[PDB]
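Visitor: this one's a deposited entry, sequence included:
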Amino acid sequence: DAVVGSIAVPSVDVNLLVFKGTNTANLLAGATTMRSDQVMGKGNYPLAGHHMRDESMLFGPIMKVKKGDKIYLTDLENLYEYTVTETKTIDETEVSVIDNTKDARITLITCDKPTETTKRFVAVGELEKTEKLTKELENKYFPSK
């Protein structure tokens, strides 16, 4: 499989699998990494997720994310907790929001519409804490089916 872990935003009912690489195959599977080099809990961790007509799917609901909602990320070894600090709409050409940073952060990227658009909604969250993933934490923040 191409799964590397999970991401969860409980305030907007987002609970998805994280895939390695943003390609046409992984488009509807879940959240997808955008750089080959990005590491969880370190630098910038950009993730892309499609905005479908069904607003509840994938990264659709992160349109309604506010600061400072929690974003949970895991590689099934560690639980990485981020806190939303900025939400914005940008043009798709502004690739700068994908680049790595010195601060530990997560960058959620989705289309601002389910239709064709050159505009992207971006949610940035700063890392607040890191801890070992346990059964209880996994089931709490990344719960099943």
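Guide: Yep, it's here. Numbers count the residues shown, from 1 in each chain.

Visitor: now the helices for the protein?
Guide: 135-141 (DSSP state H).

Visitor: now do the strands in it.
Guide: Counting by DSSP state E, one finds strands in the chain at the ranges 3-9, 14-19, 31-33, 44-48, 70-74, 78-91, 105-111, 119-132.

Visitor: what residues are up against residue 112?
Guide: 51, 63, 89, 119, 120, 121 (Cβ atoms under 8 Å, 6 or more residues apart in numbering). Backbone N, C-alpha and C define where each C-beta goes, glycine included.

Visitor: which of the strands of the chain is buried the deepest?
Guide: Ranked by mean neighbour count under mean count of other Cβ atoms under 10 Å, the strands of the chain are led by strand 31-33, which reaches a mean of 25.

Visitor: ok so, going back, got JSON lines for the contacts of residue 112, with distance to residue 27 too?
Guide: Below are the contacts of residue 112 laid out as JSON lines (distance: Cβ to Cβ, whole Å):
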{"residue": "51", "distance to residue 27": "11"}
{"residue": "63", "distance to residue 27": "18"}
{"residue": "89", "distance to residue 27": "21"}
{"residue": "119", "distance to residue 27": "18"}
{"residue": "120", "distance to residue 27": "15"}
{"residue": "121", "distance to residue 27": "17"}
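
Visitor: ok, those vs residue 137, which is closest?
Guide: Comparing the contacts of residue 112 against residue 137 with Cβ to Cβ places residue 63 closest, at 26.8 Å.

Visitor: tally of neighbours for the closest one?
Guide: 17 (other Cβ atoms under 10 Å).

Visitor: now it, nearest residue through space, not along the chain?
Guide: Of all residues not flanking residue 63 in the chain, residue 121 sits nearest, at 5.6 Å (Cβ to Cβ, 6 or more residues apart in numbering).

Visitor: just list whatever residues bridge to that neighbour.
Guide: residue 89, residue 110 (DSSP bridges).

Visitor: need the contact list for it.
Guide: 51, 62, 63, 87, 88, 89, 109, 110, 111, 112.

Visitor: who are the neighbours in contact with the residue nearest to residue 104 when sequence neighbours are not counted?
Guide: Computed as Cβ to Cβ, 6+ apart, the closest residue to residue 104 that is not its neighbour in sequence is residue 127, at 3.6 Å. Each residue near residue 127 by Cβ under 8 Å, 6+ apart is listed here: 41, 80, 81, 82, 103, 104, 105, 106.
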